[PDB]
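data-v9.tsv (TSV, C-alpha atoms and all ligand atoms) appears below.
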```
chain	number	residue	atom	x	y	z
A	2	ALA	CA	9.07	12.78	-11.05
A	3	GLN	CA	11.81	14.82	-9.40
A	4	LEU	CA	11.57	15.17	-5.62
A	5	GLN	CA	13.16	17.93	-3.54
A	6	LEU	CA	14.04	17.27	0.11
A	7	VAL	CA	14.79	20.17	2.47
A	8	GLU	CA	16.17	19.54	5.96
A	9	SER	CA	15.76	22.01	8.82
A	10	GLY	CA	16.07	22.22	12.59
A	11	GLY	CA	19.74	21.38	13.02
A	12	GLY	CA	22.01	23.34	15.31
A	13	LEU	CA	24.02	23.37	18.49
A	14	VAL	CA	22.62	21.58	21.54
A	15	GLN	CA	23.81	20.53	24.99
A	16	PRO	CA	24.39	16.88	25.95
A	17	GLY	CA	21.21	15.21	27.12
A	18	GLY	CA	19.07	17.77	25.30
A	19	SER	CA	16.31	17.44	22.72
A	20	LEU	CA	16.47	18.15	18.99
A	21	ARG	CA	13.96	18.04	16.14
A	22	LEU	CA	14.80	17.69	12.44
A	23	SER	CA	12.13	18.30	9.81
A	24	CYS	CA	12.50	16.93	6.27
A	25	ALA	CA	10.04	18.53	3.85
A	26	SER	CA	9.48	16.82	0.50
A	27	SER	CA	8.11	18.66	-2.52
A	28	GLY	CA	7.29	16.67	-5.63
A	29	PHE	CA	4.70	14.82	-7.66
A	30	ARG	CA	4.19	11.89	-5.25
A	31	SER	CA	6.06	12.93	-2.09
A	32	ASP	CA	3.56	10.83	-0.13
A	33	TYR	CA	4.75	7.74	-2.06
A	34	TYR	CA	8.35	7.81	-0.78
A	35	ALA	CA	9.70	6.14	2.34
A	36	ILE	CA	11.77	8.68	4.28
A	37	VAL	CA	15.15	7.58	5.63
A	38	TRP	CA	17.28	9.67	7.99
A	39	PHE	CA	21.01	8.94	7.57
A	40	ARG	CA	23.91	10.50	9.45
A	41	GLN	CA	27.53	11.06	8.42
A	42	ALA	CA	30.26	11.95	10.90
A	43	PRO	CA	33.79	13.20	10.12
A	44	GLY	CA	36.04	10.15	9.97
A	45	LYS	CA	33.37	7.53	9.25
A	46	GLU	CA	31.13	6.47	6.38
A	47	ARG	CA	27.46	7.33	6.03
A	48	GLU	CA	25.14	5.22	8.18
A	49	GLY	CA	21.37	5.04	8.45
A	50	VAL	CA	19.63	6.33	11.57
A	51	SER	CA	15.87	5.92	11.19
A	52	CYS	CA	13.56	4.89	8.35
A	53	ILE	CA	9.81	5.51	8.16
A	54	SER	CA	7.65	3.71	5.60
A	55	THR	CA	5.07	5.19	3.25
A	56	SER	CA	2.14	4.01	5.37
A	57	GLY	CA	3.86	5.38	8.48
A	58	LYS	CA	2.94	2.42	10.69
A	59	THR	CA	6.33	0.71	10.20
A	60	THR	CA	9.37	2.52	11.60
A	61	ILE	CA	12.88	1.15	12.05
A	62	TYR	CA	15.71	2.69	14.06
A	63	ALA	CA	19.42	2.01	14.34
A	64	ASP	CA	20.69	0.03	17.31
A	65	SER	CA	22.69	2.97	18.68
A	66	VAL	CA	19.61	5.24	18.41
A	67	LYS	CA	16.85	2.78	19.31
A	68	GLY	CA	14.75	4.02	22.21
A	69	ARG	CA	15.93	7.64	21.94
A	70	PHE	CA	14.99	8.71	18.39
A	71	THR	CA	11.37	8.88	17.24
A	72	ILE	CA	10.28	9.31	13.61
A	73	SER	CA	6.86	10.55	12.53
A	74	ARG	CA	5.24	11.58	9.25
A	75	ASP	CA	2.65	14.22	8.34
A	76	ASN	CA	1.30	13.91	4.80
A	77	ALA	CA	-0.92	16.98	5.16
A	78	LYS	CA	2.20	19.09	5.79
A	79	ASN	CA	4.34	16.69	3.70
A	80	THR	CA	7.06	16.61	6.35
A	81	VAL	CA	8.85	13.91	8.36
A	82	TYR	CA	9.93	14.76	11.90
A	83	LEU	CA	12.85	13.09	13.70
A	84	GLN	CA	12.97	13.81	17.43
A	85	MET	CA	16.25	13.05	19.21
A	86	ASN	CA	16.23	12.79	23.00
A	87	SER	CA	19.22	12.42	25.35
A	88	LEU	CA	21.69	13.31	22.61
A	89	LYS	CA	25.22	11.95	23.05
A	90	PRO	CA	28.55	13.43	21.89
A	91	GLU	CA	28.88	10.53	19.42
A	92	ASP	CA	25.87	11.97	17.53
A	93	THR	CA	27.80	15.01	16.25
A	94	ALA	CA	27.34	14.59	12.50
A	95	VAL	CA	25.42	15.85	9.47
A	96	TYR	CA	21.96	14.34	9.00
A	97	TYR	CA	20.54	13.71	5.53
A	98	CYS	CA	16.94	12.87	4.66
A	99	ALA	CA	16.45	10.65	1.61
A	100	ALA	CA	13.40	9.42	-0.26
A	101	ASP	CA	13.03	5.85	-1.53
A	102	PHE	CA	10.27	5.36	-4.10
A	103	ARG	CA	8.04	2.61	-2.73
A	104	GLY	CA	5.40	2.62	-5.47
A	105	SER	CA	2.61	2.35	-2.90
A	106	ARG	CA	1.17	4.75	-0.34
A	107	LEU	CA	0.26	1.80	1.91
A	108	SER	CA	3.78	0.33	1.86
A	109	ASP	CA	4.81	-1.27	5.15
A	110	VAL	CA	8.45	-1.95	4.21
A	111	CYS	CA	11.40	0.42	4.23
A	112	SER	CA	15.14	-0.02	4.63
A	113	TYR	CA	18.51	1.62	4.03
A	114	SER	CA	19.04	0.83	0.34
A	115	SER	CA	19.49	2.59	-3.00
A	116	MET	CA	17.83	5.96	-2.39
A	117	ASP	CA	16.36	7.77	-5.38
A	118	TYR	CA	16.75	11.31	-3.99
A	119	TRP	CA	18.90	12.82	-1.24
A	120	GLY	CA	18.71	15.94	0.89
A	121	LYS	CA	21.31	18.64	1.49
A	122	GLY	CA	21.80	17.71	5.15
A	123	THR	CA	21.86	19.64	8.41
A	124	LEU	CA	24.81	19.83	10.79
A	125	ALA	CA	23.67	18.52	14.19
A	126	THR	CA	26.43	18.69	16.80
A	127	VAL	CA	26.46	18.57	20.60
A	128	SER	CA	29.26	19.84	22.84
B	1	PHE	CA	-64.54	-11.75	-24.02
B	2	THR	CA	-65.93	-8.68	-22.26
B	3	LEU	CA	-64.85	-5.47	-20.53
B	4	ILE	CA	-63.80	-7.39	-17.41
B	5	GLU	CA	-61.42	-9.50	-19.50
B	6	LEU	CA	-59.91	-6.39	-21.10
B	7	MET	CA	-59.40	-4.82	-17.67
B	8	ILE	CA	-57.77	-8.06	-16.48
B	9	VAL	CA	-55.35	-8.10	-19.42
B	10	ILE	CA	-54.56	-4.41	-18.82
B	11	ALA	CA	-53.76	-5.24	-15.19
B	12	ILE	CA	-51.60	-8.16	-16.35
B	13	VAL	CA	-49.75	-5.84	-18.74
B	14	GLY	CA	-49.16	-3.46	-15.85
B	15	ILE	CA	-47.87	-6.35	-13.73
B	16	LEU	CA	-45.45	-7.36	-16.48
B	17	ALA	CA	-44.28	-3.76	-16.91
B	18	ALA	CA	-43.73	-3.38	-13.15
B	19	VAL	CA	-42.15	-6.82	-12.71
B	20	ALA	CA	-39.30	-7.12	-10.23
B	21	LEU	CA	-35.82	-7.65	-11.62
B	22	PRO	CA	-33.24	-10.20	-10.44
B	23	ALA	CA	-29.91	-9.15	-8.90
B	24	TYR	CA	-28.47	-8.10	-12.25
B	25	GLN	CA	-26.36	-5.59	-10.32
B	26	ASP	CA	-24.49	-8.55	-8.83
B	27	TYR	CA	-23.71	-9.96	-12.28
B	28	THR	CA	-22.60	-6.55	-13.55
B	29	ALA	CA	-20.42	-6.22	-10.45
B	30	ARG	CA	-18.87	-9.61	-11.22
B	31	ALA	CA	-18.20	-8.50	-14.80
B	32	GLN	CA	-16.50	-5.31	-13.59
B	33	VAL	CA	-14.58	-7.21	-10.88
B	34	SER	CA	-13.19	-9.46	-13.61
B	35	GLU	CA	-11.20	-6.42	-14.79
B	36	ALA	CA	-9.62	-6.06	-11.34
B	37	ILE	CA	-8.92	-9.80	-11.30
B	38	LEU	CA	-7.08	-9.47	-14.61
B	39	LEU	CA	-5.17	-6.39	-13.42
B	40	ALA	CA	-4.08	-8.23	-10.26
B	41	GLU	CA	-3.12	-11.30	-12.29
B	42	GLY	CA	-0.91	-9.07	-14.42
B	43	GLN	CA	1.42	-8.47	-11.45
B	44	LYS	CA	1.63	-12.18	-10.58
B	45	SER	CA	4.64	-12.71	-12.84
B	46	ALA	CA	6.64	-9.90	-11.22
B	47	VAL	CA	5.66	-10.90	-7.67
B	48	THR	CA	6.56	-14.55	-8.27
B	49	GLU	CA	9.84	-13.61	-9.96
B	50	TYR	CA	10.88	-11.48	-6.98
B	51	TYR	CA	9.83	-14.16	-4.49
B	52	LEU	CA	11.77	-16.87	-6.32
B	53	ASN	CA	14.89	-14.75	-6.85
B	54	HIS	CA	15.00	-13.25	-3.34
B	55	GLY	CA	13.31	-15.78	-1.05
B	56	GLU	CA	10.85	-13.23	0.36
B	57	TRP	CA	7.61	-11.78	-0.93
B	58	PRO	CA	7.74	-8.33	-2.57
B	59	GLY	CA	7.03	-5.79	0.14
B	60	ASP	CA	5.48	-3.28	-2.25
B	61	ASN	CA	5.24	-2.12	-5.87
B	62	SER	CA	8.82	-0.81	-5.81
B	63	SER	CA	10.83	-4.03	-5.59
B	64	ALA	CA	8.00	-6.08	-7.05
B	65	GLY	CA	8.88	-4.38	-10.34
B	66	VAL	CA	5.27	-3.38	-11.03
B	67	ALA	CA	4.12	0.19	-11.67
B	68	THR	CA	2.82	2.62	-9.06
B	69	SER	CA	-0.34	1.51	-7.27
B	70	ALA	CA	-2.33	4.54	-8.43
B	71	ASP	CA	-1.03	4.06	-11.99
B	72	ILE	CA	-2.37	0.49	-12.37
B	73	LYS	CA	-5.91	1.60	-13.15
B	74	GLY	CA	-8.59	0.46	-15.56
B	75	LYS	CA	-12.12	1.45	-16.52
B	76	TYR	CA	-13.53	0.16	-13.21
B	77	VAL	CA	-10.30	-0.34	-11.20
B	78	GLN	CA	-8.67	2.62	-9.47
B	79	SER	CA	-5.64	1.00	-7.82
B	80	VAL	CA	-3.59	-2.20	-7.74
B	81	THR	CA	-1.16	-2.38	-4.81
B	82	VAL	CA	1.33	-4.99	-3.63
B	83	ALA	CA	1.73	-5.68	0.10
B	84	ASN	CA	4.10	-8.45	1.22
B	85	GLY	CA	3.46	-10.37	-1.99
B	86	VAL	CA	-0.33	-9.88	-1.87
B	87	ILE	CA	-1.88	-8.03	-4.82
B	88	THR	CA	-4.92	-5.99	-3.77
B	89	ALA	CA	-7.13	-4.36	-6.41
B	90	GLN	CA	-9.39	-1.47	-5.40
B	91	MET	CA	-12.19	-0.36	-7.71
B	92	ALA	CA	-13.15	3.22	-8.53
B	93	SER	CA	-15.44	5.27	-6.31
B	94	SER	CA	-17.55	6.56	-9.22
B	95	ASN	CA	-18.87	5.50	-12.64
B	96	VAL	CA	-18.89	1.88	-11.43
B	97	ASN	CA	-21.44	-0.52	-10.00
B	98	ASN	CA	-22.78	0.69	-6.66
B	99	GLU	CA	-22.19	-2.72	-5.06
B	100	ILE	CA	-18.43	-2.65	-5.74
B	101	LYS	CA	-17.77	1.06	-5.25
B	102	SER	CA	-14.30	1.59	-3.73
B	103	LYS	CA	-14.11	-2.09	-2.80
B	104	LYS	CA	-11.06	-4.35	-2.75
B	105	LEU	CA	-10.27	-7.88	-3.89
B	106	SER	CA	-7.09	-9.85	-3.25
B	107	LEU	CA	-4.74	-12.28	-4.97
B	108	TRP	CA	-2.17	-14.06	-2.81
B	109	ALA	CA	0.15	-17.02	-3.29
B	110	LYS	CA	1.23	-19.78	-0.90
B	111	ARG	CA	4.48	-21.60	-1.65
B	112	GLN	CA	4.01	-25.37	-1.70
B	113	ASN	CA	6.75	-27.99	-1.92
B	114	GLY	CA	5.98	-28.65	-5.59
B	115	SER	CA	4.22	-25.54	-6.86
B	116	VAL	CA	2.93	-22.09	-5.88
B	117	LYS	CA	-0.82	-21.99	-5.24
B	118	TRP	CA	-2.48	-18.70	-6.19
B	119	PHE	CA	-5.68	-17.77	-4.35
B	120	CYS	CA	-8.10	-15.01	-5.34
B	121	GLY	CA	-10.83	-13.61	-3.12
B	122	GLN	CA	-11.56	-11.13	-0.37
B	123	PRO	CA	-8.76	-8.84	0.87
B	124	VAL	CA	-6.03	-10.51	2.91
B	125	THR	CA	-2.94	-9.17	4.66
B	126	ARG	CA	0.48	-10.79	5.09
B	127	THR	CA	2.25	-9.46	8.18
B	128	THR	CA	5.81	-10.20	7.01
B	129	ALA	CA	7.40	-10.62	3.59
B	130	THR	CA	8.75	-13.99	4.76
B	131	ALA	CA	5.42	-15.10	6.26
B	132	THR	CA	3.71	-18.14	4.74
B	133	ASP	CA	0.25	-17.32	6.16
B	134	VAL	CA	-2.34	-14.65	5.36
B	135	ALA	CA	-5.22	-13.17	7.31
B	136	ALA	CA	-8.20	-10.92	6.64
B	137	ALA	CA	-7.09	-7.34	6.06
B	138	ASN	CA	-9.20	-5.40	8.59
B	139	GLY	CA	-12.75	-4.46	9.44
B	140	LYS	CA	-12.44	-0.68	9.03
B	141	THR	CA	-14.98	0.39	6.39
B	142	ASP	CA	-16.87	-1.56	3.72
B	143	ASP	CA	-13.72	-2.12	1.67
B	144	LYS	CA	-14.38	-5.87	1.31
B	145	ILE	CA	-15.87	-7.19	-1.92
B	146	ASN	CA	-18.93	-9.29	-1.13
B	147	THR	CA	-18.75	-12.89	-2.32
B	148	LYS	CA	-21.90	-12.19	-4.35
B	149	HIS	CA	-19.81	-10.02	-6.69
B	150	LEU	CA	-16.89	-12.44	-7.01
B	151	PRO	CA	-16.68	-15.49	-9.30
B	152	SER	CA	-17.14	-18.85	-7.59
B	153	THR	CA	-13.48	-19.53	-8.44
B	154	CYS	CA	-12.46	-16.25	-6.75
B	155	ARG	CA	-13.91	-16.73	-3.25
B	156	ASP	CA	-10.90	-18.32	-1.55
B	157	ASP	CA	-10.70	-17.76	2.19
B	158	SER	CA	-7.65	-16.51	4.07
B	159	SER	CA	-7.27	-19.88	5.80
B	160	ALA	CA	-7.35	-21.67	2.43
B	161	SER	CA	-4.13	-23.48	1.55
C	1	LIG	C1	11.69	-5.04	-2.09
C	1	LIG	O1	10.79	-5.52	-1.09
C	1	LIG	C2	11.45	-6.26	-0.07
C	1	LIG	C3	10.44	-6.92	0.86
C	1	LIG	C4	12.34	-5.31	0.72
C	1	LIG	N1	13.05	-6.04	1.75
C	1	LIG	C5	12.95	-5.71	3.04
C	1	LIG	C6	13.77	-6.54	3.98
C	1	LIG	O2	12.25	-4.79	3.42
C	1	LIG	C7	13.35	-4.65	-0.21
C	1	LIG	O3	14.03	-3.61	0.49
C	1	LIG	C8	12.69	-4.07	-1.46
C	1	LIG	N2	13.78	-3.72	-2.36
C	1	LIG	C9	13.97	-2.49	-2.81
C	1	LIG	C10	15.10	-2.32	-3.78
C	1	LIG	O4	13.26	-1.56	-2.46
C	2	LIG	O1	-1.21	1.83	-2.49
C	2	LIG	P1	-1.73	2.27	-3.83
C	2	LIG	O2	-0.57	2.44	-4.79
C	2	LIG	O3	-2.68	1.24	-4.38
C	2	LIG	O4	-2.53	3.65	-3.69
C	2	LIG	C1	-3.56	3.78	-2.73
C	2	LIG	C2	-4.33	5.07	-2.96
C	2	LIG	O5	-5.57	5.00	-2.30
C	2	LIG	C3	-4.55	5.32	-4.44
C	2	LIG	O6	-3.95	4.30	-5.21
```
Conversion result in structure tokens:
Amino acid sequence: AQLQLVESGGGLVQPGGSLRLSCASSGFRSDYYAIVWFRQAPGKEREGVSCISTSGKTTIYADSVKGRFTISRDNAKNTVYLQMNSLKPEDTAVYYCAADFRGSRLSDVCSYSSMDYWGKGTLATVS
Amino acid sequence: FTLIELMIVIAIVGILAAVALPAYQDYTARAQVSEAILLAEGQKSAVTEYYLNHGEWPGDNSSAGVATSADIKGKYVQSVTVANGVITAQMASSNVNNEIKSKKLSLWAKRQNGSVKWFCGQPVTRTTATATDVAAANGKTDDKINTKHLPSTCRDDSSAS
């Protein structure tokens, strides 16, 4: 039941701009995993940014990113999109997408916890 | 007797042959729904263990400890999911009774001061893992098992406590 997560869309952007990160999951039951976007910056530990549940109707965002980041899921394309608006210089980091096996497609709960699979990560920096 | 009597008995034989049948489909649906009741009851131990050891209802099959929802399947049951400590069993869409095709039943528990009361019946939804109340799942489609196809001991309402 191995799952492969590929992150794309990262790159340079100006302050106050808009960015989109796509995490594509390929596997047996990719539509059974809650998708969590973490970020890691040089000089600080990994922290979660935004988690989307398997059902997709429950989304949680970090306090520093609440109101600016929006997470959405497309099971037909098997990809989770994270849209960042009004990016700040403190957001210069590498973003990883991770899959947590929820055991249910209709799961309404997701949180930053022991993730089964991790993505390579994309460098998203603003200057 | 005469020819009229023979014709009358032939008509009576035809009546008996073409006699209407009772709602045996409802009883067969109850028998098949018993399998989903058993499958849902199987996950009760895991759900209760998680609730007791963590103080909140299991959000889904993952931390409930039970298998994947699509993997908990029987002859007439296609899925058994866990949602905020509520075990919902959905029957198959084919090779089952027409009255319970792709229909769902529920098993939910309310924590009392002395015990944990388990209720079985129509689908219910718990909004939060820490919530102590349940409500009817949704209108949507005909995903609700009719009370005709549930045992009289498995027709508990959402408001029941
Ligand atoms: C098990 O379900 C719990 C409801 C959930 N808690 C919250 C607050 O969502 C917990 O994260 C789950 N545990 C694991 C390991 O997935
Ligand atoms: O949520 P669950 O694991 O029951 O899966 C729903 C899907 O319709 C097939 O099981």
(message) Here is a test: counting only C-alpha atoms, which residue of A:6, A:35, A:85, A:124 is nearest to chain B?
(response)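 Using only C-alpha atoms, the shortest distance to chain B belongs to A:35.
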(request) Go ahead and compute the interatomic distance for atom CA of residue B:94 and atom CA of residue B:153, in Å to one decimal. (result)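 Here the two named atoms are 26.4 Å from each other.
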Which residues of chain B come within 7 Å of chain A, and for each one, what is the closest pair of atoms and their distance in Å to one decimal, counting only C-alpha atoms, sorted by chain and residue number, as JSON lines?
```
{"residue": "B:59", "atom": "CA", "partner": "A:110", "partner_atom": "CA", "distance": 5.8}
{"residue": "B:60", "atom": "CA", "partner": "A:108", "partner_atom": "CA", "distance": 5.7}
{"residue": "B:61", "atom": "CA", "partner": "A:104", "partner_atom": "CA", "distance": 4.8}
{"residue": "B:62", "atom": "CA", "partner": "A:103", "partner_atom": "CA", "distance": 4.7}
{"residue": "B:67", "atom": "CA", "partner": "A:104", "partner_atom": "CA", "distance": 6.8}
{"residue": "B:68", "atom": "CA", "partner": "A:104", "partner_atom": "CA", "distance": 4.4}
{"residue": "B:69", "atom": "CA", "partner": "A:105", "partner_atom": "CA", "distance": 5.3}
{"residue": "B:81", "atom": "CA", "partner": "A:105", "partner_atom": "CA", "distance": 6.3}
{"residue": "B:83", "atom": "CA", "partner": "A:108", "partner_atom": "CA", "distance": 6.6}
```
(request) Return the single residue from A:32, A:48, A:8, A:92 that is closest to residue A:69, with distances computed using all atoms listed in the file. (result)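 Nearest to residue A:69: A:92.
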(message) Could you check the closest approach to residue A:77 for each of A:21, A:50, A:26, A:59 and tell me which residue wins, using all atoms listed in the file?
(response)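 Using all atoms listed in the file, residue A:77 sits closest to A:26.
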(message) From the options A:81, A:72, A:13, A:61, which residue's atoms come nearest to residue A:31, counting all atoms listed in the file?
(response)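 When distances to residue A:31 are compared using all atoms listed in the file, the smallest one comes from A:81.
Computed from the coordinates, the atom CA of residue B:158 to atom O4 of ligand LIG 1 (chain C) distance equals 26.5 Å.
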(message) So the first atom is atom CA of residue B:33 and the second is atom CA of residue B:126; what is the distance between them in Å, to one decimal place?
(response) 22.2 Å
(message) Would you pick out the contacts of residue A:43 at 10 Å or less, using all atoms listed in the file, so that residues sharing its chain but fewer than 4 positions from it are not included, and give the list as a PyMOL selection string?
(response) chain A and resi 47+93-95
How big is the axis-aligned box, and where does its centre sit, when it encloses all atoms of ligand LIG 2 (chain C) listed in the file and has 4 Å added on every side, reported in Å to one decimal as lines of an AutoDock Vina configuration file?
```
center_x = -3.1
center_y = 3.3
center_z = -3.8
size_x = 13.0
size_y = 12.1
size_z = 10.9
```
(message) Considering all atoms listed in the file, can you say which of A:96, A:118, A:17, A:112 comes closest to ligand LIG 1 (chain C)?
(response) A:112
(message) When you look at residue A:120 with a cut-off of 9 Å (counting only C-alpha atoms), what residues show up, excluding the ones that are within fewer than 3 positions of it in the same chain? I need them as a count of residues only.
(response) 11
Each residue of chain B lying at most 10 Å from ligand LIG 1 (chain C) should get a row with its shortest atom-to-atom pair and the distance in Å to one decimal, counting only C-alpha atoms and all ligand atoms; could you produce that, ordered by chain and increasing number, as a Markdown table?
```
| residue | atom | partner | partner_atom | distance |
| --- | --- | --- | --- | --- |
| B:47 | CA | C:LIG1 | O1 | 9.9 |
| B:50 | CA | C:LIG1 | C1 | 8.1 |
| B:51 | CA | C:LIG1 | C3 | 9.0 |
| B:54 | CA | C:LIG1 | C2 | 8.5 |
| B:55 | CA | C:LIG1 | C3 | 9.5 |
| B:56 | CA | C:LIG1 | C3 | 6.3 |
| B:57 | CA | C:LIG1 | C3 | 5.9 |
| B:58 | CA | C:LIG1 | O1 | 4.4 |
| B:59 | CA | C:LIG1 | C3 | 3.7 |
| B:60 | CA | C:LIG1 | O1 | 5.9 |
| B:61 | CA | C:LIG1 | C1 | 8.0 |
| B:62 | CA | C:LIG1 | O4 | 5.6 |
| B:63 | CA | C:LIG1 | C1 | 3.7 |
| B:64 | CA | C:LIG1 | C1 | 6.3 |
| B:65 | CA | C:LIG1 | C1 | 8.7 |
| B:82 | CA | C:LIG1 | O1 | 9.8 |
| B:83 | CA | C:LIG1 | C3 | 8.8 |
| B:84 | CA | C:LIG1 | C3 | 6.5 |
| B:85 | CA | C:LIG1 | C3 | 8.3 |
| B:128 | CA | C:LIG1 | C3 | 8.4 |
| B:129 | CA | C:LIG1 | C3 | 5.5 |
| B:130 | CA | C:LIG1 | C3 | 8.2 |
```
Could you please give me, as a compact mmCIF listing (two decimals) with C-alpha atoms, in the coordinates of the input, the residues of protein, DNA or RNA lying at most 9 Å from (23.7, 16.6, 18.9) in the coordinate frame of the file, considering all atoms listed in the file?
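Below is the file selection_21.txt, written as the result:
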```txt
# COMPACT_ATOMS: atom_id res chain seq x y z
CA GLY A 11 19.74 21.38 13.02
CA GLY A 12 22.01 23.34 15.31
CA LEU A 13 24.02 23.37 18.49
CA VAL A 14 22.62 21.58 21.54
CA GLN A 15 23.81 20.53 24.99
CA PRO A 16 24.39 16.88 25.95
CA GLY A 17 21.21 15.21 27.12
CA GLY A 18 19.07 17.77 25.30
CA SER A 19 16.31 17.44 22.72
CA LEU A 20 16.47 18.15 18.99
CA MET A 85 16.25 13.05 19.21
CA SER A 87 19.22 12.42 25.35
CA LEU A 88 21.69 13.31 22.61
CA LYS A 89 25.22 11.95 23.05
CA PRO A 90 28.55 13.43 21.89
CA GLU A 91 28.88 10.53 19.42
CA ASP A 92 25.87 11.97 17.53
CA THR A 93 27.80 15.01 16.25
CA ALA A 94 27.34 14.59 12.50
CA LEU A 124 24.81 19.83 10.79
CA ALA A 125 23.67 18.52 14.19
CA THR A 126 26.43 18.69 16.80
CA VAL A 127 26.46 18.57 20.60
CA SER A 128 29.26 19.84 22.84
```
(request) Give the answer as one residue: which of A:86, A:41, A:2, A:80 has the shortest atom-to-atom distance to residue A:68, using all atoms listed in the file? (result)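 Checking each candidate against residue A:68, we get A:86 as the closest.
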(message) Given the point (-0.2, -18.8, 2.9) in the file's coordinates, find the residues that have an atom at most 10 Å from it, counting all atoms listed in the file, and give them as a PyMOL selection string.
(response) chain B and resi 108-112+116-119+126+131-135+158-161
(request) Skip residue A:22 itself and residues of its chain fewer than 5 positions away, then list as a VMD selection string all residues within 8 Å of it, counting only C-alpha atoms. (result) chain A and resid 8 to 11 82 to 84
